[PDB]
Ligand SMILES: *[C@@H]1O[C@H](CO)[C@@H](O)[C@H](O)[C@H]1NC(C)=O
Ligand SMILES: *[C@@H]1O[C@H](CO)[C@@H](O)[C@H](O)[C@H]1NC(C)=O
Ligand SMILES: N[C@@H](CCC(=O)O)C(=O)O
Ligand SMILES: N[C@@H](CCC(=O)O)C(=O)O
């Protein structure tokens, strides 16, 4: 029920391999992009570190990767395997509410944590989450970027849509706070999507948004699956062209919310932290087969869901050839989160074991508080050549790329229309409606 | 010693806010005389009365492991680890909702039933997130509805909301906001939040933010003891007596802590509290407590110094209610009834598992958490005040409240019972008194 890899130093991992189940079910449908891609990015990163002769010489990094199932309660059970009083550090989680609950226990046993996706402003508080760090910026900057985008387009009358939980509510709250302080932004209504929605709830939300027909723009902090079902309801009610979607990093440039629903999502403006597609991971992931990828205990489930068969399956399918494949947006952030942990251990080794290849007797047990100090201090170029750094709160700088979902003929893409680095740089020329 | 250990056949865990949260990061601060000591000592009292009894849990002694939460959920999580390893069969507490929630997260994994005496957050009713949680106090769903009715009855259709950072404050105000949005003509001017770790001058800044809507004089308040005190302190400092019309939740209740030495600024404040009565039995027990006989309570020496204003200066011959002012804390009844609920459930479980034996039989050697929870939800007994104690499917008490108003006659201050809320409002407007306005705020909106 987990991925175990032996090594000198063991790194913990938390990934949403499955979505949350319906009503009273813990785990649901497997996430191909948000789950497998990101999980496999950690294993790839560790493979690359272990291969290297310069970084952590004569030292093998081990793995303990667990499934969160998108639930914070389920992830809490899993996180108990990291503690008993050996896990030196933990990578994850993805969802903020999941990362918050895990951070609560990890700080008691002094285990450093680096997230690749969690953006909730609460997590930057060192009094509550001292052992938490992240390679993504807090939602404070993303909310401000949204207010700037809304201002630039002249949409002074907007509506907010949020998933229940920390990420959704805190994202919208920050947007509401900043818009109240500035002039020309007014909110028509706030809609909240429940954790366990009753049948027909998403259709009611669209109907509620249609109570204010002049509020066409909808700023939304909703999770991957919630956006899809919102767009699904809007498609059924023929609301194509009416709404003007503003999506957060949970939307980003993902394929999951827009698959088979391209027309309804046309013109949607989305935000995602600065990232690039990693070529090395693409070469690795495309060459994965049922035979060579036995480490991944969830890879057989992925195979069935990815190629649309049952182990019907020939067994000799190819990931990029037999099915459409594009690297998940936050794959870079996963790899950089692993390298952040690795460089910190490397810098700790350089001080505890001077001129000693391998782990010296002094570095038999890695001190958590000391390791946290090294993580917050690292400064290196990541998997894309971009610098990776942490501030006093363990945050990355507020740097984003602004996309827009555009169709030319029958080809779909998230085209870069701007970037936000303290100030908005929106290219109005490149936008399409 | 950092905890209260009392040995027995069946050990019951306890979580109490003996100390308040320290300033800016500091885990523990000032000792709570009423919220901490009164309630903690109420559990020890209840257990003494159960152990003495020949009919309830015959030939069986209830043990104790009581811990301090320091009003912090992070601190309480560290303490709650002592309850688990791979024996504690029941937990009483906590007080704060956010504290109870964080403890309930770990307790359900090791299947330990939990009964709270104070925690009122609506989220705790969910048997998906917190199936092993129960409470002898009603959820804030009812209290917020009660507050709406009071506001409707008084004609205050333009209100502001004030909340402490955390589950109790935020979701208490949210419940009030959601009801106001769905039905009625009650409008909300602004929603303010009190920071968990406030900087110097924060409470004066909050009062000044509330003045940014001068028409909204009425303030719905879901804040803890310490926050209410400092809010009223800032209002006195900024000379705002008569202006604000406070609507306080059970965290305000009929408590002395926020109004002590600040009687004038709190005049006219309307407060809510679940139905309760003062128990004479506990008063007789708590008054006769000395430094010599109460060695069980490891925090009693600290309480002594704080209660009489001396240093262990102290004669040693001081007496509770005689040398210092004393009144039983409002939620003492709920602590005792929470302990008795755990006792009656174990009694009812004993009756099915050991139908003949008097005392722990071989089948009662290990207490199953899932089994005990079923008995806790099924108990039906009259409590320490004669009031019936029941639990619904979600493990909640019915929504039954009393409404108070803080009134000053001449040289006497009290919380006068001005009404009650039991599914519907019964408010006596004739018995209400108001403070004189010293400062007026003109509006231009
Ligand atoms: C790696 O470690 C092993 C065992 O400690 C040792 O025998 C070997 O010489 C080391 N390799 C290098 C290149 O130092
Ligand atoms: C109480 O328990 C003890 C020890 O098991 C036993 O000897 C005694 O008889 C019991 N008392 C009664 C009244 O049954
Ligand atoms: N930024 C989101 C995570 C969304 C994702 O996994 O892309 C959160 O903090 O919950
Ligand atoms: N009702 C408050 C507890 C206040 C008290 O202890 O009086 C809460 O749920 O946090």
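Positions of Cβ are backbone-derived with ideal geometry, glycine not excepted, and every protein chain shown enters the neighbour counts. Read-outs throughout are calculated quantities, based only on the coordinates presented, and are distinct from any laboratory measurement.
Structural remarks
Residue by residue, here is whether (1) within 13 Å of residue B:10 (Cα to Cα); (2) within 16 Å of ligand 2 (Cβ to nearest atom); (3) within 14 Å of chain A (Cβ to nearest Cβ) holds:
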site	(1), (2), (3)
B:332	no, no, no
B:340	no, no, no
B:343	yes, no, no
B:350	yes, yes, no
B:360	yes, yes, no
B:364	yes, yes, no
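- The requirement of being within 16 Å of ligand 3 (Cβ to nearest atom) and in contact with a strand residue (DSSP E or B) (Cβ under 8 Å, 6 or more places away or on another chain) is satisfied by residue A:396.
- Residue within the range B:60-72 that is within 16 Å of ligand 4 (Cβ to nearest atom), on the phi < 0 side of the Ramachandran plot and within 11 Å of chain A (Cβ to nearest Cβ) present: yes
- Hits in the range A:105-117 (condition: surrounded by fewer than 21 Cβ atoms within 10 Å (Cβ to Cβ) and either more than 24 Å from residue A:339 (Cβ to Cβ) or within 11 Å of another protein chain (Cβ to nearest Cβ) (or both)): A:105, A:108, A:109
- Only one entry in B:247, B:272, B:265 is in a strand (DSSP E or B), more than 16 Å from ligand 3 (Cβ to nearest atom) and either within 14 Å of chain A (Cβ to nearest Cβ) or more than 30 Å from residue B:47 (Cα to Cα) (or both), namely B:247.
- Test for residue A:41: is it more than 13 Å from residue A:346 (Cβ to Cβ) and within 14 Å of ligand 3 (Cβ to nearest atom): yes
- Any hit, the range B:191-204, residues being away from ligand 3 (no atom under 16 Å from the Cβ), crowded, with 20+ Cβ neighbours inside 10 Å and outside any strand (DSSP E or B): yes
- From the options B:161, B:120, B:152, residue that is within 20 Å of the chain's Cα centre (by Cα) and either part of a helix (DSSP H, G or I) or buried (at least 21 other Cβ atoms within 10 Å of the Cβ) (or both): B:120
- Within the range B:84-101, considering residues that are surrounded by fewer than 24 Cβ atoms within 10 Å (Cβ to Cβ) and within 14 Å of chain A (Cβ to nearest Cβ), the one nearest to the chain's Cα centre (by Cα): B:101
- Scanning the range A:123-141 for residues that are over 19 Å from residue A:92 (Cβ atoms) and either outside any helix (DSSP H, G or I) or touching a helix residue (DSSP H, G or I) at 6+ places or on another chain (Cβ under 7 Å) (or both) yields A:126, A:127, A:140.
- Check on residue B:37, away from ligand 4 (no atom under 16 Å from the Cβ) and buried (at least 20 other Cβ atoms within 10 Å of the Cβ): no
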